[PDB]
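All remarks here apply to the structure that follows.
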Amino acid sequence: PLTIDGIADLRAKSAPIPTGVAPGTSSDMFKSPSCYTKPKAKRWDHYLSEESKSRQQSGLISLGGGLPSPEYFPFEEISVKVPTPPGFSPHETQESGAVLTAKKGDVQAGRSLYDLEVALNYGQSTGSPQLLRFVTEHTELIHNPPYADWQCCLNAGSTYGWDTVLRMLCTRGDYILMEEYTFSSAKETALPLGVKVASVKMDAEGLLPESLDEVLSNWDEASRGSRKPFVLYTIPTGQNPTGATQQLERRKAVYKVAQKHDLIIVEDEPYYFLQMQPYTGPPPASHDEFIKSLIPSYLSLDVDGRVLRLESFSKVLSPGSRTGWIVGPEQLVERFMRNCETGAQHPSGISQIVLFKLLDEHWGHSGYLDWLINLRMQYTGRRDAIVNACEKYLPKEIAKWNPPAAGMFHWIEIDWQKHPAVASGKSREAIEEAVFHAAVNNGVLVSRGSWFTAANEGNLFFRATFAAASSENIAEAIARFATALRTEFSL
Amino acid sequence: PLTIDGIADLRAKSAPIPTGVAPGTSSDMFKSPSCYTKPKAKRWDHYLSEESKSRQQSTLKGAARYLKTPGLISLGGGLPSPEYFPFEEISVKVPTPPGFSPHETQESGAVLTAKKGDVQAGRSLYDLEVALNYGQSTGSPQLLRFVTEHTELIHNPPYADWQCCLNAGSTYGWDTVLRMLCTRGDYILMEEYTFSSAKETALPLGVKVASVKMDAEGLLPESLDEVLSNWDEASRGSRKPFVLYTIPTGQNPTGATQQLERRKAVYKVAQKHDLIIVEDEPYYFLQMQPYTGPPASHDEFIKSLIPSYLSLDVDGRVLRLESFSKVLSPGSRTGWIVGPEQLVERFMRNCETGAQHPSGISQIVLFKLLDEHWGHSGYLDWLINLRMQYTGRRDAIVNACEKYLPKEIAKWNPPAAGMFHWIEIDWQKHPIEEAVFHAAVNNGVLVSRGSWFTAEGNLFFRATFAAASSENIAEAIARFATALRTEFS
Ligand SMILES: *Cc1c(COP(=O)(O)O)cnc(C)c1O
Ligand SMILES: *Cc1c(COP(=O)(O)O)cnc(C)c1O
């Protein structure tokens, strides 16, 4: 297996990076030999949409292509001030931060492997080799996929990733499998395409393998109006919005069912590196130790090559950058890339060169992992504050909650039936709108559990992130919400 | 009508720009009052696809609009605390108004700097804190105001409810209007010779393309009418096409630019057959001075620009695909669409469940250059410069052709706009096209084969004069002339 200490050698022993405009690359330029001793992935021809199968590809002097001259790109230099690994706080970066300059002629001047003229011009649909090498190495270091022909493709984000895998696998009048309570934007992306959602139940630890098996085993084309679904959308770590994180045992169990029913697993994992210690009343010995500490992903267990892993920089570095990637078997990744060519094309070149300078040249794999440890330490303090505030202010007779292990979401259950629903407007939805609107008026924003339902009126929940608000404000916000609850649940 | 000198006062008398994280806006917050006196666009309910009709407002993005009310604390949308973005300052060195050459910007360039806490320090209306966080599908209000103003000045559209929406690019724009206005089985209308990328974006959606004959000035109205009128008796198993894809200026790959008279003839035909006109205009500012063998001011420069389809859009049936690619940087992955509120809202919906918005890092760098430094003046100055650069490059390739290409078998008109030179050769004369491609590559010149661009007749070759040096432009043409002479004896 590839370790941080093996990367300098892998690069020495592998082909040079092409530093000209929009060069052909793949992950295969960057993968370690070990990868090719593993078996090949299963084929998925039968699962490709008619749209997706239809998609196709587009020393001498060239007057051939429509690439403009960098002369008429009016950016000579792009600089960013970034934290130097010791200190990662805004105060520390101001104090001791490093300035990274990307110049035109950087490649001629031997300064950089990513020229601003190249970053400012058109790119390929897989993204720059400069950034794809880091993403590929990162994928190998963290997940180490157990099949030979895995590949990364850079993205305009997981939102675009999900839209374009939905188009790749699904047709008008198909079902896909989601968790009881899922990401609203994921469902929001699926419906307009004619894709229906068959929900599968979950516990405090997330997706239940029994329910998944039960839905797929008990599937009748006639009643549902469509064929057995073969796509599973799931958030394994810090589930949106429950915050439930599957342990290794649940994931192995889920993978078995997917093997039996021949499912493609789409793991959307934005908070994968936000795994914290379990909450208590009130450190990683090495980078190998930190990586070992992370509960393994579906990609890690992906013996069959049936997994698409949606990764993003949004919850790790910046949602603004609109930069992510997909990890999957060559055949599906190749299909995704064609959709990018006639769509988003690639994430912004300025986004790519700023990320590459920080991740590749400055931080490296060490500095990046150092930053994710700090992000783990940060979100831990915030996780404690929201749970401490919840039980010190919230009415325990009306509100119930499990403290979360990973993510930035807190799931609060509300006994909606312990409020005067005997007379007048006895609609669970009515108490919901009331409880939400009563919260803004006492000055707190929360997410309505009903937005996250994949589709039944039982208990009601509220989603409360501990990422959005200043650490000091976390306590004040829950109190404000506690007050709202008491008022609304009163005379 | 809105002019550059009208802008400072439109701003003074308008609402404050929202400097918060992921704020709600629309062009309707930056459009001058004159717009609202004009009539409204026609309704497009009957042209909206099942997919697009079916789309809905993002409940999270919609809930973010709550972040506006002050002293309100958020446990809602998962937009991270700025402390978890490791970019303190982002700086960019760009040219001053007098000199735009890379060498001139090296010597006299300005360094614009975007820092976290700039909006609290009163340095700019765009905080890096905001740029680096999630944004709404329309793009940042700071960048959207500039593009909306720019759209008013240049095109100043003749209907009330026109709107702009920021973009991942014109390629992403075309992807989303095709899904918004087309279903499996339908036809769309494209020029006989057209952008290969535009045709490839449509084929896998099950959309067929109805070709329409061109001349030296582009799309022919009598051919468009003929195709659509003939649809009544000769349907191709599908309903009459209502979408026209058109590149009016420096058309790819012909280089044919429709003049105002030609755009007026086409538009009248688009009224008769109630067509929606999608005008892909990436080379609109690559318009050059006429070929032989100085735009006094901004006010003169805008006079000399051929009016776009949007400028004649009285019905509101025009969707304009704009991009910064051929004027600032293709790498920026930042464009926009202009159209009636109805289709732009549907466009915006799909963006929310798609690309979402152009990179915030792309947006703050474009806004800082365009709004804070150059201004509309500086940008027009830069566009005039661009005009003059491409003029010189157009000259170079045409001069070469007139000096090397054999008139016996080679025919060519000079381009008025864009970066493409379109060469016509008579195949019958030589002792069939594959033999002309490879032969020329044998002399070490590469050109693009016309057959690659079909949506019979004479054979053509597209030669771009955008990138290569004045030296290599001649050389390359000379290498072609000799290869053609060898193939045709
Ligand atoms: C926040 C979030 C996203 C956002 O992805 P981008 O890369 O920012 O487009 C996607 N999926 C889930 C589950 C999220 O929570
Ligand atoms: C170059 C070009 C574009 C540019 O598209 P973006 O995705 O905005 O870069 C669009 N249309 C045509 C016809 C082009 O030639």
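Here the protein sequences come in this chain order: X and U. Per the numbering used here, the first sequence starts with residue 1, numbered consecutively. Per the numbering used here, the second sequence starts with residue 492, numbered consecutively. Every residue gets a Cβ at the ideal spot worked out from N, C-alpha and C, and that includes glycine.
Take the alpha-carbon of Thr487/X and the one of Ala434/X: they are about 11 Å apart.
Distances from the CB of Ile738/U to the heavy atoms of ligand 2 include at least one below 7 Å. Closer than 8 Å at the C-beta level to chain U, one finds these residues of the region 359-371 of chain X: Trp371. Here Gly746/U is buried, its C-beta having at least 16 other C-beta atoms within 10 Å. Distance from the CA atom of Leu299/X to the CA atom of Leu871/U, rounded to whole angstroms, is 51 Å. According to the DSSP secondary-structure assignment, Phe911/U is paired through a beta bridge with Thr955/U.
When C-beta atoms of the region 62-76 of chain X are compared with those of the region 116-125 of chain X, three or more pairs fall below 8 Å, so the two segments count as touching. In the displayed model, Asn890/U falls within a helix according to three-state DSSP. Closest by C-alpha distance to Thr945/U, out of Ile768/U, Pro586/U, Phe686/U, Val718/U, is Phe686/U. The beta carbon of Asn240/X sits closer than 7 Å to at least one heavy atom of ligand 1. By alpha-carbon distance to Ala285/X, the top candidate from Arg250/X, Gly59/X, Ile373/X, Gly407/X is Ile373/X.
Neighbours of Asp666/U in chain X, taken as residues at a C-beta separation under 9 Å, are given in chain order as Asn339, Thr342, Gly343, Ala344. In the structure shown, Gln780/U falls within a coil segment according to DSSP collapsed to helix, strand and coil.
Looking from the CA of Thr19/X, the closest CA among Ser112/X, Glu249/X, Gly425/X belongs to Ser112/X. Here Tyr527/U is exposed, its C-beta having fewer than 16 other C-beta atoms within 10 Å.
Approximately 6 Å separates the beta-carbon atoms of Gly97/X and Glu579/U; this is inside 8 Å, confirming the contact. Between the alpha carbons of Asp723/U and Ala907/U lies a gap of roughly 37 Å. Between the alpha carbons of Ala725/U and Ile679/U lies a gap of roughly 16 Å. With respect to chain U, the C-beta atom of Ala468/X has a partner C-beta closer than 8 Å.
At a cut-off of 8 Å between C-beta atoms, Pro906/U does not count as an interface residue with respect to chain X. At least one C-beta of chain U is nearer than 8 Å to the C-beta of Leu191/X.
For the region 574-603 of chain U, the set of positions with a beta-carbon nearer than 7 Å to some beta-carbon of chain X reads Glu574, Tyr575, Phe576, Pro577, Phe578, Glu579, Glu580, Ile581, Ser582, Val583, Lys584, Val585, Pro586, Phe591, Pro593, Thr596, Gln597, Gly600 in chain order. Secondary-structure assignment with DSSP links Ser447/X through a beta bridge to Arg463/X.
Inclusion of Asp268/X in the 7 Å shell around ligand 1 follows from its C-beta lying nearer than that to a non-hydrogen atom of the ligand. At least one beta carbon of chain X lies nearer than 8 Å to the beta carbon of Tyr625/U. CA-to-CA, the gap between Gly553/U and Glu210/X works out to about 36 Å. Closer than 7 Å to some heavy atom of ligand 2: that describes the Cβ of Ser816/U. DSSP places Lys418/X in the coil class of the three-state scheme, outside both helix and strand. Here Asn904/U has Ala707 as same chain residues with Cβ atoms under 6 Å from its own Cβ, once five neighbours each way along the sequence are excluded. Using a Cβ-Cβ cut-off of 8 Å, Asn963/U counts as an interface residue toward chain X, since at least one Cβ of chain X sits closer than that to its own.
Under the three-state reduction of DSSP output, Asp304/X falls in the coil class, being neither helix nor strand.
Distance from the CA atom of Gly851/U to the CA atom of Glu598/U, rounded to whole angstroms, is 29 Å. Within chain X, no C-beta atom comes less than 7 Å from the C-beta of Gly826/U; the nearest is roughly 11 Å away.
Among the bridge pairs identified by DSSP, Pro329/X is matched with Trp150/X. With a contact defined as Cβ atoms closer than 8 Å, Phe733/U and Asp765/U qualify at about 7 Å. The C-beta distance from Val266/X to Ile581/U rounds to 33 Å, too long to fall under 8 Å, and the pair is not in contact.
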